[PDB]
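What follows is a single chain, given as structure tokens, in the form deposited in one PDB entry.
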């Protein structure tokens, strides 16, 4: 709070925090409106819009691609160049493996960053600014607002798709299932929540030591909490530490008296 400034002290980083307890409407905010590169947290929002646009049957449509649409590491999509993959399999890979090439294919399907912004603006997210495909591949420098969001806007938008009415119940269920089954976030929000409690999350990292996680957290009984923990550092090549995110989550949970 305070403990938040202490974490920033301990990790030499800047935190961005917003949490909403949907049970009591309690809010926890630390630089909630400070901008960070959203990095792969955008993959969650991109699937929300894909689901909005496509019937569940339409997710069976096959997308073909070549090795030249893959750059650096893409753990799922490098396995299926020969066959291509369905939209459903791409959403799975994007969300649970943070597959860059799968995210790009999905983004292309929905009409690119311009169309994603349009749809975000349509759900009343006036802050999230998608501008580039695969922004991962660009040397993005500080003070730029392209491909940034805030902890507050990311919670509001994740909540809108995952928990409110921007998606019908069966599609909301797909989004939640994929995020619950994420493989990349064990040391982040998940490491900061009490044992047992279900977590659905999407992680991201960039440069300037950017390390992000956005989540929905269910207490065993009671309504969920939606949370964004964003972080960055002063130097372009700064290392991040996952533990910062785990510890910031602990402070949120304390403040929420849990849940």
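Numbering follows the first chain given and starts at 1. Under this definition, the rigid core comprises the largest set of C-alpha atoms superposing within 1.5 Å between the forms. Shifts are known only where both forms have a C-alpha.
If you look for the form deposited with a small molecule bound, you will not find it shown, but the lines that follow are about it.
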Is the gap between residue 49 and the small molecule in the entry with it bound 4.5 Å or less for some heavy atom pair? no
Just checking whether residue 72 would be counted as a contact of the small molecule in the entry with it bound - the rule being heavy atoms within 4.5 angstroms. yes
Answer with yes or no whether residue 76 is in contact with the small molecule in the entry with it bound, where contact means some heavy atom within 4.5 Å. no
Taking heavy atoms only, is residue 89 within 4.5 angstroms of the small molecule in the entry with it bound? no
Between the options 216, 193, 205, 28, which residue brings a heavy atom to within 4.5 Å of the small molecule in the entry with it bound? 205
Taking the partner as it appears in the entry with it bound, which of 129-137, 173-181, 77-85, 150-158 has residues with heavy atoms within 4.5 Å of the small molecule? 129-137
Compare C-alpha positions between the shown form and the other one after fitting on the rigid core and state which of 138, 129, 86, 184 moves by at least 2 angstroms. 138
Compare the CA separation of residue 137 and residue 34 in the entry with it bound with the one in the displayed structure, and answer closer or farther (the difference is at least 3 Å). closer
Hey, the CA atoms of residue 137 and residue 78 end up closer or farther in the entry with it bound than in the shown form, with the change being 3 Å or more? farther
Residues present in both forms, rigid core superposed: which consecutive runs of three or more show CA displacements of 2 Å or more between the shown form and the other one? 135-142
